[PDB]
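A.B. asks:
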Amino acid sequence: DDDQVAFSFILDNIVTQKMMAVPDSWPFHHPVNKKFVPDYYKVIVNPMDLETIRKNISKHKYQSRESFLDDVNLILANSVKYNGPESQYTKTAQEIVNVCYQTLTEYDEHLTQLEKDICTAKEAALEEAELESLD
Ligand SMILES: CSc1nc(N2CCOC[C@H]2C)cc(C2(S(=N)(N)=O)CC2)n1
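Its first residue numbered 1522, the sequence shown is counted upward by one per residue in full-length UniProt numbering.
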C-alpha cells in the first residue's frame, strides 16, 4: 500500500539515477524505433528498455525485486541476441545490470522489509475481497 509506493520510488531512482547514468547507456533508455532499426522487432520478440521499466514501476507492476530483475535481465538477454555476447552494446547492458544489482544490495535491508509488508498487505486485501464477495 503505502509500502508499494516507497518500493516503486526506490526502484525508479535506481533506474534514473544509477542505471541510466551508466556511460553510453542511450541505446537502452527507450524502446527501439522501427523506423530507425527496421530489423529489430523481427529478431527481438520480447522487447524491453529502461523507459518501459519506469512505466511498469509507476503502474506498480513490481511487488518484489524478482519481477523487476526479470525485466532488467531481459534488456541484457536482448542485447546478447541482437548485438552478440561480445559486443560493446552488450558490455554496456551488462554494466547496467551490475549497477542495478549493486544498488539493490546497498538497500537490501530496507527493500526486504518493504517486500514483506507489501506481500502481507496484498494478502490482507485479497483475503478481505474474497470474504466480502461471499458475505
Ligand atoms: C543504432 S541506433 C539505436 N540503437 C538502439 N539499440 C538497441 C540496443 O541494441 C543495439 C541497438 C539496436 C536503440 C536506439 C534507440 S531508438 N528509439 N533510435 O530507435 C533509443 C532506443 N537506437
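We treat Cβ as the ideally placed atom computed from N, Cα and C, and that holds for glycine.
Can you tell me the Cα-Cα spacing of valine 1536 and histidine 1631, whole angstroms?
C.D. replies: 17 Å
A.B. asks: So if I measure from each beta-carbon to every heavy atom of ligand 1 and keep distances below 7 Å, which residues remain?
C.D. replies: This criterion selects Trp1547, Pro1548, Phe1549, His1550, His1551, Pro1552, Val1553, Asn1554, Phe1557, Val1558, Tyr1561, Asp1570, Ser1600, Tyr1603, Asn1604, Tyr1610.
A.B. asks: Just mark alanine 1614 as buried or exposed, buried being the case when its beta carbon has 16 or more other beta carbons within 10 Å.
C.D. replies: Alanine 1614 sits buried, since 16 or more C-beta atoms from the chains shown fall within 10 Å of its C-beta.
A.B. asks: I need the straight-line Cα distance from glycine 1605 to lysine 1612, nearest angstrom please.
C.D. replies: Roughly 10 Å between the two C-alpha positions.
A.B. asks: Pairs of beta-carbons, one from the segment 1576-1592 and one from the segment 1543-1563, closer than 8 Å: are there three or more?
C.D. replies: No contact exists between the segment 1576-1592 and the segment 1543-1563.
A.B. asks: With a CB to CB cut of under 7 Å and the five nearest residues on each side skipped, what residues in its chain are close to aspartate 1545?
C.D. replies: So the qualifying residues of the chain are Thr1613.
A.B. asks: Distance, Cα to Cα, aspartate 1638 vs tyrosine 1561?
C.D. replies: 40 Å
A.B. asks: Can you tell which of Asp1523, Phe1530, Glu1572, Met1540 has its C-alpha closest to the C-alpha of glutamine 1623?
C.D. replies: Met1540
A.B. asks: Output the boundary residues of the alpha helix (DSSP H) element that contains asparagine 1554.
C.D. replies: No alpha helix (DSSP H) holds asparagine 1554; DSSP gives it neither H nor E.
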